[PDB]
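First comes the structure, then the notes that go with it.
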Amino acid sequence: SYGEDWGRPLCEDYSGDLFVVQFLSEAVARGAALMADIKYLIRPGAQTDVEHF
Amino acid sequence: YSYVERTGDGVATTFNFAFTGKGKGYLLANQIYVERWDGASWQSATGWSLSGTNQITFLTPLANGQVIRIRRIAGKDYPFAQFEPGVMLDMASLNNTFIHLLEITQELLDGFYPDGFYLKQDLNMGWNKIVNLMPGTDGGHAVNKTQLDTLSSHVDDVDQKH
Amino acid sequence: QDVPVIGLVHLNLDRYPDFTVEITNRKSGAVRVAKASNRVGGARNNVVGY
Amino acid sequence: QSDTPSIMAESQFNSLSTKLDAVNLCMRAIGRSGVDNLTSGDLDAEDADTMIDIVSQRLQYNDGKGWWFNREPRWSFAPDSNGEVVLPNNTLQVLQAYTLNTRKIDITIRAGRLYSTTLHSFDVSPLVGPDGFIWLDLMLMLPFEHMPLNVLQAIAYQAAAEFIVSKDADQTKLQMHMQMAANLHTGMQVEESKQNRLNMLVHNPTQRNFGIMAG
Amino acid sequence: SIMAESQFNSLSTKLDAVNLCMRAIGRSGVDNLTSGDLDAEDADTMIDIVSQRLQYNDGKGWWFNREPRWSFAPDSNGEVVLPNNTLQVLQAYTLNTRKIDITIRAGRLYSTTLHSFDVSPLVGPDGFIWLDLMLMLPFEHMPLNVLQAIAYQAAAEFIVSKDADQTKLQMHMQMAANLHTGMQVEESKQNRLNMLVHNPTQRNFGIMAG
């Protein structure tokens, strides 16, 4: 730019878009990992015994 | 009158107070308020319980020479009883109301005033004394002649070394 | 044994001065006093005279 | 000349603000008229007094937080050299302050003074903040007075319904009071968020952080 | 030879509202507001209770209750005192004014964040203080529609304070709501507003791109 001793990079012009991509990728990866987990559940008063199952 | 001063020392944990008037001297338990003297300020106290009609009980014994003050503050904004036609008119309310209205004036005679109080008019004392003042720190504070004597002493020493 | 729980008691009177009603309990022993007066606001018998 | 000062000077609204009027209102829908004095000698007079006091903090607490007047932002206690700090007067609940660079430490309120479970020491010297006086958020209990006019009406009707069901057993009177008081509570709770307004952005840490970037 | 009845128009007078409240129970209204009948007082109180309650309605009140921006200018001593009865008080939301919490204690207001009872540090730049509030004007000098609406609602509640037939209760409650929505449409007719110009984001979008 005029009156500038040093230049500027190209990625400076799209840092915002890159940050948006980073945020969305983090969100989708975290959601996939969180859904990949397994936790199971049994209803109280199950009338069944878990150890034999 | 209303306010009562008490000193505490030793194992003593129960303090008795007496107010002017019939019976217990007060209308509501909410009128009783407890204060503790820290030696510098009018700090309030905690851990007090009303055990008797005219006595209070602390949880722990007071320390050496601790000073407490039991006062009684009445309702400052409404009359004690509100009268309407068609209500069960009882005479006890009339007796209590007069005592309560007499009570609101009582501590004013003692010397208590609500916080945020200032005489906004030009007061006069008709050539009477003002006594028992401390030296003032800030410029807005008034000064006794103890400072005046100190300043008079100060001008003397500077003049004598002159 | 099947005893109702009394909520309020209404007394019908024709001539009455101020009086008191004493309540006593045979189990706790506490006593409660309810004081009644003949002065009721807005009534004829409210003049300071009589 | 003119008549505006003359005519409406006599006008009277007579709004309800005293605790006794709430008791007198609570003393209706039940039979006998209200008492002229708060103390009096009638047993039902102080029974209504107890109801107002009990229902006070119940209503003021809502579920979790109360209204805006119960809010009390960042405090400083600076616990004494003797030991732990005593909680001022009566507090409904105590929460930790949530400023930056402040680790989560447990605070639990016992009688007055608080207790930290993780330390298991009833005195809390070491968990004091760096040059900070254990900043935390709490909620006082205002008395029946020192409250807005609307909440006074809300607490009275709610207490009246509880008094009726304890005292009497009537479906019609009870049904109206419960329904009508609930109408006022929603009609009053609606403005609580309308007051001290907050929005999705800015306040939410992740939304504000996203807003600053890519913008 | 006889006083007769003075002409009444609609129900402007408070006494006539009590007479309507006295009715619906088979007893007629008293001629004088004070009189010596104990039941007129219960009706008299009931009108008073509803007035403070019905004007505030749900959240903000009607068009005549609310008052625009004021100026309080807290003194040198400290906080400023709210006038008589204020249903609710809010800070003015104009531009270049930071949002500072205002809370009303008994009478005069309070500041939770400053935690002090006075509000002196919260004086704005070159403007003392600006806030919005609503009064509760008394039973008289009212729009005539509220006068009839308030009477039926209070009378309907009055029924069930004293024994009333199911028939009398159900009709009055139905009409009290019906009369309430009858006046509520006029609220939009007065001080009418739209998304445009009024909404900050809609006006901002409107001026740009055009």
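Odds and ends about this structure:
- Interchain or long-range residues, amide H under 5 Å from B:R71's placed H: B:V4, B:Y33, B:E35
- Kirkwood hydrodynamic radius computed over the stretch B:47-162 comes to 20.9 Å, based on all pairs of distinct alpha carbons.
- Converting phi to 3J(HN,Hα) with the Karplus coefficients 6.51, -1.76 and 1.60 and the offset θ = phi - 60°, the stretch D:22-28 yields 4, 5, 4, 4, 5, 7, 8 Hz in sequence order, with x at every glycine or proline.
- Seen against the Cα atoms of chain B and their longest principal axis, helix B:145-161 is set at about 10 degrees.
- Integer Hz, Karplus 6.51/-1.76/1.60 couplings in order for the stretch C:17-33, x for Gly and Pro: x, 5, 8, 10, 10, 9, 10, 10, 10, 7, 9, 7, x, 5, 10, 10, 10
- Normalising the average separation of contacting C-alpha pairs (under 8 angstrom, six or more residues apart) by the number of residues puts the relative contact order of chain D at 22 percent.
- Hits among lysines - C-alpha to C-alpha of C:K27 under 24 Å, sequence gap 8 or more where chains match: C:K35, D:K167
- Shielding of peptide D:27-38 by partners, expressed as the average count of other chain Cβ atoms within 10 Å per residue Cβ, is 6.
- Contour excess over end-to-end distance, with Cα ends at B:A29 and B:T53 and 0.36 nm allotted per residue: 7.7 nm
- Shielding of E:51-63 by partner chains, average beta-carbon count, 10 Å: 4
- Within the protein assembly as shown: Cβ-based charge dipole about Cα centre, in debye rounded to nearest 20 (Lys, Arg +1; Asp, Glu -1): 680 debye
- Calculated on the alpha-carbon coordinates, the convex hull of the stretch D:68-127 measures out at 102 cubic angstrom per residue.
- Among the chymotrypsin sites (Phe, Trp or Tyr not before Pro) within the stretch E:126-157, those in coil by DSSP and having at most 12 neighbouring Cβ atoms inside 10 Å are E:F128.
- Taking GluC sites (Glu not before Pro) across the stretch A:5-53, the ones in a DSSP loop with at most 15 further Cβ atoms lying within 10 angstrom of their Cβ are A:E51.
- The phi torsions of the stretch A:45-50, fed into the Karplus equation with coefficients 6.51, -1.76 and 1.60 and a -60° offset, translate into couplings of x, 5, 6, 9, 10, 6 Hz, rounded to whole numbers, with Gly and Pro shown as x.
- D:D131 paired with D:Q57, simple spin-label distance in nm, labels 7 Å along Cα-to-beta-carbon: 3.7 nm
- Calculated over the protein assembly as shown, the projected area of the Cα convex hull averaged across directions stands at 61.8 nm².
- Neighbourhood charge, 10 Å Cβ-Cβ cut-off, centred on E:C21 and excluding it, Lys, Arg +1 and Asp, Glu -1: -4
- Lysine pair number, Cα distance threshold 29 Å (strictly under), chain E, separation 8 or more or different chains: 6
- For a label point 7 Å along the Cα-to-beta-carbon line of B:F112, residues of the stretch B:21-55 with backbone N under 15 Å: B:21, B:25-37, B:42-45
- Modelled spin-label separation between B:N64 and C:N45, with each label point placed 7 Å from Cα along the Cα-to-Cβ direction: 6.9 nm.
- Between the residues B:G86, B:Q121, B:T7, the greatest Cα displacement towards the positive end of the dipole of the protein assembly as shown, with unit charges on the Cβ of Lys, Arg, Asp and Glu, is found for B:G86.
- Values of log10 I(q)/I(0), in the order q = 0.10, 0.13 Å⁻¹, for chain E under a Debye, Cα-only, solvent-free model: -0.64, -0.90
- For C:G41, nonlocal amide neighbours, meaning residues 5 or more places apart or on other chains whose placed amide H falls under 5 Å from its own, are B:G86, B:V87, B:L89.
- Largest-first ellipsoid semi-axes for the stretch B:121-162, taking √(5λ) over the Cα gyration tensor eigenvalues, angstrom: 29, 13, 9
- Centroid-to-centroid, using Cα positions, the stretch B:85-162 and the stretch D:1-56 are 37 Å apart.
- Here the Debye sum runs over all C-alpha atoms of chain C as equal scatterers in vacuum, and log10 of I(q)/I(0) at q = 0.26, 0.29 Å⁻¹ comes out as -1.18, -1.26.
- Given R0 = 30 Å, the distance between the Cβ atoms of C:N38 and E:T13 translates into a calculated FRET efficiency of 0.30.
- Charge context of B:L89, other residues only, Cβ under 11 angstrom, K/R +1, D/E -1: -3
- Set of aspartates and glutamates with alpha-carbon distance to D:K104 below 14 Å, sequence-local pairs under 8 removed: D:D137
- Percent of C-alpha pairs per 10 Å bin in the stretch D:95-153, short distances first: 17, 42, 20, 17, 4.
- Where labels lie 7 Å past Cα in the beta-carbon direction, separation of A:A36 and E:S188 in nm: 5.3 nm
- Long-range amide H partners of D:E84 with built H, under 5 Å: D:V124
- Low-density loop positions, trypsin sites (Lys or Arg not before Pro), the stretch E:65-140 - DSSP coil, at most 16 other Cβ in 10 Å: E:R69, E:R98, E:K99, E:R105, E:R108
- Report summary: the helix-based calculation at 222 nm, which adds -39500 (n - 2.57) for every DSSP H run with n ≥ 4 and divides by the residues of chain D, gives -12500 deg cm²/dmol.
- Once the Cβ-Cβ distance of C:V9 and B:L101 is raised to the sixth power relative to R0 = 35 Å, the FRET efficiency obtained is 0.50.
- Among B:82-94, D:188-200, B:144-156, sorting by the average number of other beta carbon atoms lying within 10 angstrom of each residue, highest first, gives B:82-94, D:188-200, B:144-156.
- Gaussian network model of chain D, springs between alpha carbon atoms under 10 Å - residue of D:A156, D:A97, D:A111 with greatest fluctuation: D:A111
Read-outs throughout are calculated quantities, based only on the coordinates presented, and are distinct from any laboratory measurement. Cβ sites come from the backbone with ideal geometry, for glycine too, and all protein chains shown count toward neighbours.
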